[PDB]
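We just call them A, B, C, D and E in the order they show up, numbering each chain from 1.
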Amino acid sequence: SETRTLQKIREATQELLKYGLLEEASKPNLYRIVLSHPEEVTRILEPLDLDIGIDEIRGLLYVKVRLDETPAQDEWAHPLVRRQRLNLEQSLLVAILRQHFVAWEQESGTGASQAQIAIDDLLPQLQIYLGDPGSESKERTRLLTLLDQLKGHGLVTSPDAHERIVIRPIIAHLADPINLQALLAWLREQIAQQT
Amino acid sequence: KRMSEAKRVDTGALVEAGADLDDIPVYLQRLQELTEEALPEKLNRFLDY
Amino acid sequence: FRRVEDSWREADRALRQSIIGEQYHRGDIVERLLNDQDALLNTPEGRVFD
Amino acid sequence: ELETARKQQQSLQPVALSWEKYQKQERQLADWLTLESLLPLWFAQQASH
Amino acid sequence: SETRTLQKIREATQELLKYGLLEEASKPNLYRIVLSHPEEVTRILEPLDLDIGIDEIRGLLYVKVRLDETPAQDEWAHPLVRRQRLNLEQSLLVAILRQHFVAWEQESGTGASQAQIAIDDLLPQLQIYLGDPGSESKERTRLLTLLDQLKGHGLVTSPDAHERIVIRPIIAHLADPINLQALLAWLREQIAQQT
């Protein structure tokens, strides 16, 4: 009786849900299709109490919860969404990436040029606090494992041929980095005291 | 009369069909089956085991 | 006694195997068990046990 | 189970017996109805000559 | 104004998605919510290329891959499903469990959920096919490995204190006899492969 949803809208919505976040530079066709059918996409997602956030300046689409406004769960919890608490090393690396992404977006534009940094450049920032793990191979293994975990979190790309990663725009879309700022202040204070 | 008497003591097989001069074939098939198995004639060896 | 246990386990295995087969009557099943019971009155182990 | 199998197998025997007996007269009836059909023709064939 | 789905409907569908199946005997309110707007559930899964399966005889609701204009090809390639594909020995143990389920059904009917069998009851059934590892603990480990996954698909409960499991009614449809014939054919092509 009732007509089916359009094929491309269904496919793109499922694609984004699978990936959480996506780029026009990555898949421009789905990007434009969804942005031409935002009402349809949100209607597809609102029964799930989900929705999408977008950033045309950096060229990113991403999911977002659309529950009823501010229930008692300010530390929100959603059935279909299992939450995580990344570890102090993961949080440390995220803070490092946040600071250098902030710097890049000034010296290279707000996603005008995709934010980048070299492995040999990230490693010193970690070494400020963690110190030398014991060898260059150990340093690279540590940073690469953490970066891969972040990539699974949809935050960074794998290093290029020049060992330069690309930072996804989603970093700018974190909710409450004030915790990250406090954590970084604590880290710098500790290393300054422990040196 | 005989079909009805058979139905009285049945358990699970004659339950399906009725009793008329057209149902007969089912009865004979059941009797043939219960003759193939020769089951009723194991009794006095099983009462030993 | 463990060897006798082996025979009875093997007989159970074979009986289940054959039951999964579609071809046996009720008589086949109820008779093969008695054949087994008389089967293990022959070997020295079974004779020892009985 | 053995006991009930024997009990059931008892019943159907006279049923099969009576089925055979019934079939006997059932096949017999055709002969005399055929005689009824044929009777006028024999008399007429004699009568013509 | 907005196309927001009613909160109760969203709750029921979110739970159904989270676990993929819903039994009235367990969660009657959500089950009755689903069967009160089953067309809504369909029209919400239709965007996702998914469909609602209903078996009221067992008071069960489950989600199943929908046919798109392409019948999902190998439907397990559907983007959303998180699990892998089913595969043989799981099918073997599913057949044995379904055999015991149908035996229990003949004994006491279809709609109930009291069927059970112990770990040692299971072990000979598979041991027929899988050979003897050399230790009872190893074959028990094999069986528990199978049961963990099958529980992951919702077929069985977890190994209880008595080392038994409870058959879930959904097995009536995974072991769909039409699908059993299709799998018998597939097994015949496996014979051809062996040939």
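As a working rule, a residue touches a chain if its C-beta (ideal position, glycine included) is under 8 Å from a C-beta of that chain, and two chains touch if they have at least 3 such contacts.
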Chain pair with the higher count of C-beta pairs in contact (C-E, B-D): B-D
Identity of the chain that, by mean CA position, is farthest from chain C: A
Per-chain CA centroid nearest to the all-protein CA mean: E
Euclidean distance of C-alpha centroids - chain A vs chain B, Å: 76
Geometric centre distance via CA averages, chain C-chain B, whole Å: 30
Where chain A and chain D are represented by their mean Cα positions, the distance between them in whole Å: 93
Rounded Å distance between chain D and chain E, as computed from the means of their C-alpha atoms: 59
Junction residues of chain C - those touching two or more other chains: 30
Interface hub residues of chain E, defined as touching at least two other chains: none
Two or more partner chains touched - positions in chain B: 37, 39, 42, 46
Chain C contact footprint on chain B (complex, rising order): 36-39, 42, 45-46, 49
Chain D residues touching chain B - in the complex, by the definition given at the top: 2-9, 11-16, 18-19, 22
For the chain B and chain D complex, residues of the former touching the latter: 2-3, 5-6, 9-11, 21, 24, 27-28, 30-31, 34-35, 37, 39-40, 42-43, 46
Chain E to chain C touching residues, read off their complex: 124, 128
Contact footprint of chain E on chain A as seen in their complex: 2, 4-5, 7, 9-10, 13-15, 17-18, 42-44, 46-49, 68, 79-80
